[PDB]
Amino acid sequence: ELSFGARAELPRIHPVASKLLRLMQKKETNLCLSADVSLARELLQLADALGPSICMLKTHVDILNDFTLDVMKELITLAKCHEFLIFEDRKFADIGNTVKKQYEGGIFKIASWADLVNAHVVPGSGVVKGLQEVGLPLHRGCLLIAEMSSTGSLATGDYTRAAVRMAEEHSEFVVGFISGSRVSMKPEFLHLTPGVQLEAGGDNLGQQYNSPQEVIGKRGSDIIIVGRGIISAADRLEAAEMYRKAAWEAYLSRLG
């Protein structure tokens, strides 16, 4: 098993994955903050304070009450300053012809500011083809949703295998997965795992939690995605540091 720094140099590595893996090793962080807030001021204050602790900031641009492309300009300034990627968790899931417009255009112009986006594989490979026609020219990457954290997820068995095949057949653009575990045996592919908290539990709408030690250490994922475990805490900086140290040590102990 290679370190993040060595994976950053693999011959078939995507440039976006390489950039991410380099800053993960430099900063000793495999934490992605899920910045699930409705106010631009809170998003930017979290990005600035937690920037040093995170490899990635995950957005849902469509829950931000005061979105403007200028807010995303300020977010890019912080991403460059503190060295993290921006991941818009848009979960594209339409025919190729539709998703290309949803990615490039409308009010959000996601491709103009998002290093990474993600897509569901249920529509077939056209979803990836459509996205890549915008994303390849704009030097972007994509994650495929191979497994989900929620109760009753149908992303199991042959579905997960189809996501892995689709990623591997589109390595020019697909840099990894949303998954609960290592699903690809190819080390060029990032595994990002949501549904993470230090304590056992869930929410009232089907979210299920596992610990950083379980998903990084036992299940072999690379990056934890954490929302409420940080966002709902009083001291979001110390919460982020707890999650960072947990995920980083789990990673180191799997390396041996």
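Throughout, we count residues from 1 along the sequence that is shown. Rigid core: the largest C-alpha set superposing within 1.5 Å between the two forms.
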- Hey, after superposing on the core, which one moves around more in 5 other deposited structures of this protein, 102-110 or 89-97, CA-wise? 89-97
- Would 114-122 or 179-187 have the larger average of its C-alpha temperature factors, as given in the entry? 179-187
- Could you check the entry and say whether 126-134 or 86-94 has the higher mean CA B-factor? 126-134
- Message: Quiz for you: based on the deposited Cα B-factor, which of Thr193, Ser34, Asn30, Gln213 is highest?
- Response: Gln213
- Top Cα B-factor in this entry, restricted to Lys109, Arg161, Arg140, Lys73, sits on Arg161
- Sorting the chain's CA B-factors, does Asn65 end up in the lowest, middle or highest third? middle
- Item | Modelled-residue ranking by C-alpha temperature factor, third containing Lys19 | middle
- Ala233 - which third its CA temperature factor falls in, relative to the rest of the chain: middle
- Using the B-factor values recorded in the entry, state whether the Cα atom of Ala40 falls in the lowest, middle or highest third among the modelled residues of its chain. highest
- Third of chain Cα B-factors occupied by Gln208: highest
